[PDB]
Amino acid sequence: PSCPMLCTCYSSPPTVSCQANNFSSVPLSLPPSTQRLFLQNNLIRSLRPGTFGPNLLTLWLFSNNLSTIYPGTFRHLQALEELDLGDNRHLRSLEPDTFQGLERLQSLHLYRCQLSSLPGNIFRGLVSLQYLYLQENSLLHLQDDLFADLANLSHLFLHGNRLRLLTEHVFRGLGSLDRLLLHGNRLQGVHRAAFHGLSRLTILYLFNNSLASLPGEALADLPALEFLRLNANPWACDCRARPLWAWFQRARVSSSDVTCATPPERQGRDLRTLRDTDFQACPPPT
């Protein structure tokens, strides 16, 4: 029973290389000892339970043609550490239990799959997860608590989606988060307490969104921040700018520029060029 048809197998570590065959399905006869399974660059259309063996540590399925993953498919891959499903442009939705079983998973790639939404409980129990790549789908919203079990998540990539708002508990439970990329969305509001608990976050990209302002509490909630990108937003340099401006007076972080789009008499200037006296007619903190 030695190697799937058209693939190459290696014994240390136990590896099955099946890439670039235009397969329409996962090959049969995978040796049960297989630890690494390379199926990228095929045309596989669906996955089912009974397909993958329990020893896999690494599974690459990117650039296939996945449109369906049937319930139970990953359920017995207790040992799996990396799962790459990126670049399956017709995949479109995932059932709530897709990743049930995957408690040792450390990185999960789901970029460019045309996801518009996710089930609110799809990432529950992924306690080992460290990297989660969701960039360049079409995600419209992220529910409160969508990442709540991910106490080890270090990088979360959410750029290039269609997000408009970050709600109060969207990032609840992300106490290890180090980098959060949100650029290239259409974000218009961030809840005051959206970054609560992100005490280890050092990098935050928000550039290229529709932000006119950000609350003071959100920046205050990032005590470890080191690099913040804010450019290519329509920043309002009026009373709304003051909590951000005040945070900039005290913060030690690298930053992009923060260019005012309004009012016209300040358009083009950097938000940090404003003076305390530009804010003297502003109602006191509310």
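So that there is no doubt, residue numbering starts at 1 and follows the sequence shown.
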Should the higher mean CA B-factor in the entry be assigned to 51 to 59 or to 244 to 252?
-> 244 to 252
Output the stretch having the higher mean C-alpha B factor in the entry; the candidates are 89 to 97 and 148 to 156.
-> 89 to 97
Residue selected from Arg192, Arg186, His169, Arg179 by maximal Cα B factor | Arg192
Go through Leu37, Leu43, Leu230, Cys260 one by one and give the residue whose Cα B-factor in the PDB entry is largest.
-> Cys260
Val26 - which third its CA temperature factor falls in, relative to the rest of the chain | middle
Can you tell me which third, lowest, middle or highest, the CA B-factor of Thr73 falls into for its chain?
-> lowest
Of the three thirds of the chain ranked by Cα temperature factor, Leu222 occupies the middle
Give the position of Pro215 by CA B-factor within its chain, expressed as the lowest, middle or highest third.
-> highest
Entry-reported C-alpha B-factor of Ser116 relative to its chain, by third, is middle
